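Protein chains in written order, with PDB author numbering: chain Q, 13 to 65; chain E, 13 to 65. Backbone N, C-alpha and C define an ideal beta-carbon position, used for all residues, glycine too. Working notes, structure below.
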């Protein structure tokens, strides 16, 4: 009798961990974009300019 | 984390020293002209003349 239930709740544990992992993976992706963008943009700003002759 | 910023501000140090150097170089140029001019002119003045016979 006991055995049956153990299996069922095990399935839930798996799925819930999976769902949480998805958040972390996705979020890391979302940040990767902006992280790079900010650095490149900021460098181009400080480095570039024109000079009166 | 720290490394990133060090690089960026280094760039600024370079450019600011460059801009200051430009002033000194240019200014020296501006003075070179007048310095010479004054000497030549002044000599020609003291040396030249006419005499009644």
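Can you give the beta carbon distance from residue 55 of chain Q to residue 20 of chain E, rounded, assuming they're within the 8 Å contact cut?
-> Within the first chain, numbered from 1, the residue matching residue 55 of chain Q stands at position 43. Within the second chain, numbered from 1, the residue matching residue 20 of chain E stands at position 8. Residue 55 of chain Q to residue 20 of chain E, Cβ: 7 Å. Contact.
Mapping DSSP to helix, strand and coil, what is residue 13 of chain Q?
-> Taking the first chain and counting its residues from 1, one reaches residue 13 of chain Q at position 1. It is coil, neither helix nor strand.
Anticipated Cβ contact below 8 Å, residue 58 of chain Q with residue 23 of chain E, distance rounded | On the first chain, position 46 is the one that residue 58 of chain Q refers to. On the second chain, position 11 is the one that residue 23 of chain E refers to. Correct: roughly 6 Å between the Cβ atoms.
Going by the CB atoms, is the gap between residue 61 of chain Q and residue 27 of chain E shorter than 9 Å?
-> Looking up residue 27 of chain E in the second chain gives position 15. Looking up residue 61 of chain Q in the first chain gives position 49. It is a contact, given that the beta carbons lie within the stated cut-off.
Min CB distance residue 36 of chain E to chain Q below 9 Å | In the second chain, the residue the question calls residue 36 of chain E occupies position 24. By this cut-off, residue 36 of chain E is not an interface position.
Would a check of beta-carbon distances place residue 54 of chain Q closer than 9 Å to chain E?
-> For the purposes of this step, residue 54 of chain Q is taken as the residue at position 42 of the first chain. By this cut-off, residue 54 of chain Q is an interface position.
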